[PDB]
Amino acid sequence: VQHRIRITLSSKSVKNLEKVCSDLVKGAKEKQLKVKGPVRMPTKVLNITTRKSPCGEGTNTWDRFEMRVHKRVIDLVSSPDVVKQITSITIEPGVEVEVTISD
Amino acid sequence: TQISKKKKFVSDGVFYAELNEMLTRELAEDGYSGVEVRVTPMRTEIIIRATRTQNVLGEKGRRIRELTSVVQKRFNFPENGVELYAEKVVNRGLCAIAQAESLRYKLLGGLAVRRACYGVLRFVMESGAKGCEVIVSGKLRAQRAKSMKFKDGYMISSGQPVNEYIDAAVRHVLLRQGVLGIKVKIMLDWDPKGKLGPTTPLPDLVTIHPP
Amino acid sequence: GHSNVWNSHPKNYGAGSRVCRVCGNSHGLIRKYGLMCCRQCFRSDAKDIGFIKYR
Amino acid sequence: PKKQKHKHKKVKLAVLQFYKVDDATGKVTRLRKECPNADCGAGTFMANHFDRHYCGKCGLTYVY
Amino acid sequence: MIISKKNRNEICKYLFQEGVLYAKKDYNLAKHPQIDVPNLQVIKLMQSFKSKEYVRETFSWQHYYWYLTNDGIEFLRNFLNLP
Amino acid sequence: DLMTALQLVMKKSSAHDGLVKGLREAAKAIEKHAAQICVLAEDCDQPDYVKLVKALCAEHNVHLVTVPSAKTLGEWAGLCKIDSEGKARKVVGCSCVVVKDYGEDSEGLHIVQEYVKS
Ligand SMILES: [Mg+2]
Ligand SMILES: [Zn+2]
Ligand SMILES: [Zn+2]
């Protein structure tokens, strides 16, 4: 339509995020809106390494915890109305959808 | 106002870990199994899974509204920006937290441990778990502590399928002689519909179609 | 004046100013990402917080 | 020894020991100034010490 | 402990208004996040109202959570001079 | 229906708060131009007490109700525990209960207000 819409999607899981992204790009391609995406940002790897022992005895053994944040960007050209009409389907838990209107 | 995507996912995790702790301490004797946070655009709907879903609701839903308002003020939500529901745990036998708490109250009362642990095992196996295991550690009868295992069925211990097939809980009983430990590990069966258990079959399981 | 000599030492910084958000102990505190949990408490709640061990 | 604690000095009926309504007639006759501070009312008597007018509710003081 | 009538009525009005109270274990907050009373007075007065069964108390993650009981809704409505 | 029966209005005043009991405070309750009634108890021994309080109340214009039995003055003013229904109260003796602000429940107040007028 007129404006430029960037939908940022973030999640801790790949399958939920990818199927939400597939729903968005499928809805965009049904309403004949041009869609640039999904564009996969580099995955963020939040890492915590701590001594497993609750005290200071034993072999100093380390567990490495990881949280992986996956970011997806979808770039449509349209009006806000169709954008909130598309991003109103059941977004699965953990997926953070974020809509921003550009020029 | 701008919060990083890292700080935000760590904050959601910490909020989940704190909510479940306060609900575990509050809705203890209501059969609280777990909480399912669901951040919808209008409000952050919060679903509570319990066994006594009339004890958590309260008289005309007084308790549930009290919890909803406590969560709103404590966690700093916008007013009417959080709504705590309370659903029914479908299969209590296949939940290790429900059975851990049931065995907790079955021992706080005074019932013999060897008779309540086998009762928990019985109920789990009639519920349908492929295998169940109960561990009771502490000053059971004498001053020296010992650990009594109660295993029945098939139970895997190693590999990735453990964190898909083993539903486990660890609960303390605060007794007169000290603290008693309860480890309940329930092994689930492969559910094609993914309701009673995992949807992915065990990796080593091979099925040959008959000619 | 007792109120100006009670908790009168500054708590702007130091280990005795930050506490575990789950227990209040000030030792082995993981300040990374804003977790504010102690090592032992994070190791216990890590699964709830969302940290998975793959390696 | 054990440092003893300050105990409230107890003067029997200090309000009676404040105004001088006597000589029949009708003269309240305050005998201690009422602290000027606005919040401090008119029944708020500024104690006088061997050389200072001290208000108890606040700290306004005057020496001589 | 010694809590002015202003502060006491202050914490007792909010409790009756909402039916719940919370605080962090912080005896020097100098101001409760909602009530204009420091956290110490709220915590101590809530402990009193609890040894009297006037509330239920649960402590979790360094935070207090108090819930007014049916006896509390009676004693507060008597104390606050109004329903 | 008047005088003695009007302890009820002061019951309501104590409920809604406003009883500035005791002389130390009575005075203050007067000069702060907030006194409205000033029940007294003639049982008090010290003459200077009654002289002084009457002097302050004459300085302003609020009212003076006399009542005997300062023990009962403590009873009416809440200077006691309700105890049981029989009220085995360890009563404290009062000798001035300035009704600053006054209970706003009205009722007998109007009737005592008449006695207040005269
Ligand atoms: Mg292996
Ligand atoms: Zn900790
Ligand atoms: Zn002053």
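Chain letters run A, B, ... following the sequence lines, proteins first and then strands; every chain starts at 1. For the numbers below, each heavy atom of this structure counts, side chains included, while hydrogens, waters and symmetry mates do not. First listed ligand is number 1; within each ligand, the first listed atom is number 1.
Contact check on F:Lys28 versus F:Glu25 returns no salt bridge, with no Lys/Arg side-chain nitrogen under 4.0 Å from an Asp/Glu carboxylate oxygen. Look at B:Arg74 and B:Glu18 and you find a salt bridge, because one of the NZ, NE, NH1 or NH2 atoms lies within 4.0 Å of a carboxylate O, short of that distance.
Within the protein, the N, O or S atoms sitting under 2.8 Å from the Zn ion (ligand 3) are D:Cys40 SG, D:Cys55 SG, D:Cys58 SG.
The closest side-chain donor-acceptor pair between B:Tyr32 and B:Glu101, if any, does not fall under 3.5 angstrom. Between the side chains of E:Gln47 and E:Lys44, at least one donor N or O sits under 3.5 Å from an acceptor N or O. Under the 3.5 Å distance criterion, with hydrogens and angles disregarded, a donor-acceptor pair is assigned to the side chains of E:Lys25 and E:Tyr27.
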Checklist entry - Stepwise, does the side-chain hydrogen bond (donor to acceptor under 3.5 Å, both in side chains) test hold for F:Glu31 with D:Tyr19? => result CA-CA 12 Å; F:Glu31 273 85 359; D:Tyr19 299 94; 2.9 Å; yes
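Here the angle at the Zn ion (ligand 2) defined by SG in C:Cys38 and SG in C:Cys20 stands at 110°, rounded to 10 degrees.
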